[PDB]
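# Residue-level structure breakdown
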Amino acid sequence: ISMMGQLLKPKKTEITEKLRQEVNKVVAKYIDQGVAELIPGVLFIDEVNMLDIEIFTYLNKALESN
Amino acid sequence: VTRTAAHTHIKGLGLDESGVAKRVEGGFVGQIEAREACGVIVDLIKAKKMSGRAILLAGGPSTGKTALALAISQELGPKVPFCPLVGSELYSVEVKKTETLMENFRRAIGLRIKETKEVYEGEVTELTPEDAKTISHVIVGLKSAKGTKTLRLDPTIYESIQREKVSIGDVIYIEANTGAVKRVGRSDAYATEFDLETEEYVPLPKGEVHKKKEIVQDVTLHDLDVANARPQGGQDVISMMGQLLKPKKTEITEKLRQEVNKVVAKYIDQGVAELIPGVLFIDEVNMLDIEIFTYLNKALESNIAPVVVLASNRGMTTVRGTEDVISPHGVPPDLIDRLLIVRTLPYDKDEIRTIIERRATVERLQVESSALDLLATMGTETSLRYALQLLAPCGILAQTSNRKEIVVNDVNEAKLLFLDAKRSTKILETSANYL
Amino acid sequence: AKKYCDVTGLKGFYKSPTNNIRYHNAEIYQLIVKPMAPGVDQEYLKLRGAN
Amino acid sequence: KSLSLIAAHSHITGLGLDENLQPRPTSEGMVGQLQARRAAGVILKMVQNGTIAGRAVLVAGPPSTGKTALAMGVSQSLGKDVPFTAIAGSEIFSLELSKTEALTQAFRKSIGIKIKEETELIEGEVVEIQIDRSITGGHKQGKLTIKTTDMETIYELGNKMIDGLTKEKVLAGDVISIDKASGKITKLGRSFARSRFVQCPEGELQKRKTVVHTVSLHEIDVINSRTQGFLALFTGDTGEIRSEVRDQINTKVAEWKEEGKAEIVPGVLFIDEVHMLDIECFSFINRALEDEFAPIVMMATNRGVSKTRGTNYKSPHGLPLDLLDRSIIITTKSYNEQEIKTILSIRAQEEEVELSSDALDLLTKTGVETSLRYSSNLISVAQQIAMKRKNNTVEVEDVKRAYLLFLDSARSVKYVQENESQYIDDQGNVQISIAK
Amino acid sequence: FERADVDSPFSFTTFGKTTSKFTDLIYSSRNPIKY
Ligand SMILES: Nc1ncnc2c1ncn2[C@@H]1O[C@H](COP(=O)(O)OP(=O)(O)O)[C@@H](O)[C@H]1O
Ligand SMILES: Nc1ncnc2c1ncn2[C@@H]1O[C@H](COP(=O)(O)OP(=O)(O)O)[C@@H](O)[C@H]1O
């Protein structure tokens, strides 16, 4: 499967939240082991008026995560 | 214990042997004429002769249409196929809506197959292949707690045996008709050959080696259409990881359906199969486009179409996908010319009280008779569904104060805590900033 | 052949590495097998002929 | 576990209620809204009883009045092992899934199956491994000495255990855990031998451990459908799962429930900003609530008599009357000055910010003047101004500096309206030059 | 001061590592995420 993953054409997919929770758990374990350091950053969205109401409504939820 | 969700006090139409509805029977209160018409439709479905007959039951909201459809499904039994559907489920992004409509049409035609299951299981005591590089056959001797049995096998099953890495002393599982081979594990008699081992150890089967059973397989025509039209190809019996290429739905041609019909018609004439037509139920039929309404006219004139049951709660409403077409119940008149319409009437006070008492009995709640008339007055003033949905907060608030009987103070408290649509709308109008 | 605990006669899961006596669980090992007198291990192994 | 910096609802640890379902004035990070908290406690007991299914609860109120915080308190008070799916309204408009299919997948992620099974493990500290091999490697003889703090043993090793031990290379002094049936060996680390670091196990070597699994119905639907494997639970391209597999899963779950091999747990599906859904989604929800395998749905909205999406008429809360007939409505209210002051005090203690009393009074005044969230946001940027001049406690002039620097909505609207020639209007007309 | 080293992707694997006439090496990389 890992060999055939390099030969197929890549495509964006809807990554489920379960994978994100598992990645968060593994990263939290790495931080607790003392080998990792978390560096939050800045996301810059220029020309914000091109967004529509659906992205704004999802952004309302997404700003309230941790 | 038991989960009750908006239904399951309905067990049938409550008719007698002559088709006359009793007033309180089968969990149904009132609604004599619609129940009698649904009984006539149930008899017509059990006749199993006609194709493409359609009825539609129309009325107000919260009046008993979906309850009548589920009562029909309970009256027919579990061997008759019944496909529930909502009108918004036909809009898929993988195939056209007409293909989805034909798929749901062919999902409601069933089949019954008489089959025989034959199983050998037990510990392997002898594995001697014989040739004439090509093995002619292989002799396997099984063993259980009631004795042994020696079997001959063709090399095709032997290839599956060496697929499973089966040695002397393993407990296996062989199906005679299909040739399926499953390895359960090593026997417990060989558990002390090593102190630490990778193999798992299971005891001997206490039953006989040879077991026989008669089973009845229920399939639909859509399952055969899916199984004959896999685009990438076949699949193995065990596949924990999926295919590398994602197979999506495809527009299945008419030729495949004709060939499937030919094969099934050949199998019926030998007495192997039995054809059971069923019911396709579509709720909220006003959410259909004009194109699906047009294709329904063609699909209802086929030779294999089942009985279609539609529901709608609209009045004189514009059809979706059009601009200036006004027709009753949101259904276009060329389709309306093809069905029979069953009217469903609303309720007065005492039937609302009796339904509330029935739902209190089903949910295992004890209500005082003083609170029941107040609940009926609340139901007539606002909604039947609002009175029905207020029983469980009343029960929880009664159980909180160590009481097993509903007191009217709990009904007043549940009225104060939870509002209906009208009081919330009155809050909306008399407010300043977005409620 | 099946393996049995030398002290109780139950199913012997383990075996001590010092005197090669099979035992059943931890309490038998702590109370009997480990603080055992010398020479009794050979008499225990005399029963199954492993001395 | 569960890494997190600081959330906007991180101070809420649950509903503040006693044994008689009465709300405390301030408990578990929740202040005010006593009727809403009592109603949410009733809904929590509805979920915890688990004897009824498919009930819709609508939470409606003005914006920034405890709507999402109530759902966070319910989810924190629910505890682990009970499912809780929190989606937004606009998340179901997919490109490879239909809206009804996305709603079905959101519905079937909130019902769990409890399965209890027991396994056997061997966990201890490796003392000595002795491996004897031939020239060609046809046969291998092995001895492994392993121990706990209470027993010592030596095992005669088979071939497959030897191959499973040279793979995932173990040495003396390691602490390992061995499953006999599957052959999986996990290195838990090294013991306390200086000569990561894990204390040596105690008790018996061969323990019988029982684990309780909780599997959602959607996972069984994905696994039983043979088109894709279990990896579709992570990649997300399930792609329009059919209905016959769902019927088979429902019948098999109902069959397992009678024999006691499994238990049904129901959960809560929370749909924030429910007014963004289309009319067809509402029509699907109208029939999805009348099933035995349906969770309790909580919806939140702040619209008042808005236009329903996909139609051309206005409806209360942006929802049609068929969905409003099936629901019970919890209404939230606005806050007084004392509730705002207490909420600002709790948010100050959460962010480890020391506030003077006069700064708290100024923040309460500018909270009841403009908004609660503006005064909540001003604290963390006033603390940086406090730290810039090398001071710990936030004073009055730091809050005044933060009020001067960062604008609110009402001042920005006025500043736009006085200088409308400098901004682009609805007609795309702007003036960039200063003169003329 | 510091020496430039190999440019490799970050291995998101758990495998058989040594906590120190031939040596045996077997492919043993697994995923940290377990279902
Ligand atoms: N004759 C009846 N006896 C008992 N319960 C009824 C009767 N008619 C309707 N109900 C109940 O009232 C509710 C009406 O729901 P439903 O029929 O789905 O509404 P609609 O007709 O708008 O689809 C159902 O929960 C059903 O159990
Ligand atoms: N009763 C309360 N207890 C604690 N915090 C509250 C309370 N009510 C509101 N808040 C705070 O106010 C903010 C807005 O609440 P929220 O309900 O998320 O906004 P909206 O009403 O727009 O959904 C949240 O960050 C929350 O922390």
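Residues numbered from 1 in each chain as written, not as in the entry; some residues may be left out. Chains lettered and ligands numbered in written order. Part of a larger assembly, values for the part shown. Heavy atoms only, no water. Residues with missing side-chain atoms left out of burial classes, pairs and counts.

What the entry reports as its method is cryo-EM, with 3.09 Å given for the resolution.

Here the entry title, as the record gives it, is "S.c INO80 in complex with S.c 0/40 nucleosome, Class 1".

Using the following cut-off: UniProt positions are given in the numbering used here, feature names are shortened, and annotations may be inferred rather than shown by experiment.
Going by the annotation in the PDB entry, the name recorded for chain D is RuvB-like protein 2, with Saccharomyces cerevisiae given as the source organism. Word for word, the UniProt comment on chain D under Catalytic activity is "ATP + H2O = ADP + phosphate + H(+)". Word for word, the UniProt comment on chain D under Sequence similarities is "Belongs to the RuvB family."

## Observations regarding the sheet that holds strand β4 (residues 84–88) of chain D
Residues and elements named next belong to chain D. The condition that has to hold: In this description, strands pair whenever DSSP reports at least two bridges between them. For helices the rule is a DSSP run of H or I covering at least 4 residues; for strands it is a run of E covering at least 2, with both sets numbered from the N terminus onward. For helices, the fitted axis covers only the stretch in contact; all axes are lines through C-alpha atoms, and the angles between them, taken along N-to-C directions, range from 0 to 180 degrees.
Read across the open sheet, the five strands follow the order β4-β12-β13-β3-β16; overall the sheet is parallel. The open sheet has two edge strands, β4 and β16 (327–331), and neither has a second partner. Shown here is a sheet whose adjacent strand axes are inclined to one another by a mean of 20°, direction ignored. With five bridges connecting them, strand β12 (residues 268–272) and strand β13 (residues 296–301) associate as parallel partners. Of the residues in β13, the one forming a bridge with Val268 is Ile296.

## Quick look at helix α8 (residues 279–288) of chain D
Selection criterion: In this scheme, a residue with accessible area under 20% of its type's maximum is buried, one over 50% is exposed, and one in between is partly exposed, where area comes from a 1.4 Å probe on protein chains only. Throughout, a residue-residue contact means that at least one pair of heavy atoms, one from each residue, lies within 4.5 Å.
Burial analysis of α8 of chain D places 10 of its 10 residues in the buried class, the great majority of the element. By the burial criterion, the buried members of α8 of chain D are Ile279, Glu280, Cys281, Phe282, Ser283, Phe284, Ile285, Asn286, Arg287 and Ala288 of chain D. Contacts made by the buried residues of α8 of chain D are with α2 (65–76), β4 (82–86) and β13 (279–283) of chain B together with α3 (99–107) and α9 (321–325) of chain D.

## Brief notes about the nonpolar core
Using the following cut-off: Residues belong to one nonpolar core when they are buried, are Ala, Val, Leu, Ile, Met, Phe, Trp, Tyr or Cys, and are joined through side-chain atoms within 4.5 Å.
One finds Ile356, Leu390 and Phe418 of chain B together with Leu15 and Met298 of chain D to be the most contacted residues of the largest nonpolar core, which totals 53 residues. The element that contributes the greatest number of residues to this core is helix α1 (residues 34–49) of chain D, accounting for eight residues. Residue contacts for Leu15 of chain D: discarding those within four places in its chain leaves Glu28, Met30, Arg37, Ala40, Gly41, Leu70, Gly73, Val74 and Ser77 of chain D. Of all hydrophobic cores here, the second largest spans 28 residues; its members include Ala102, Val274, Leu277 and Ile285 of chain D.

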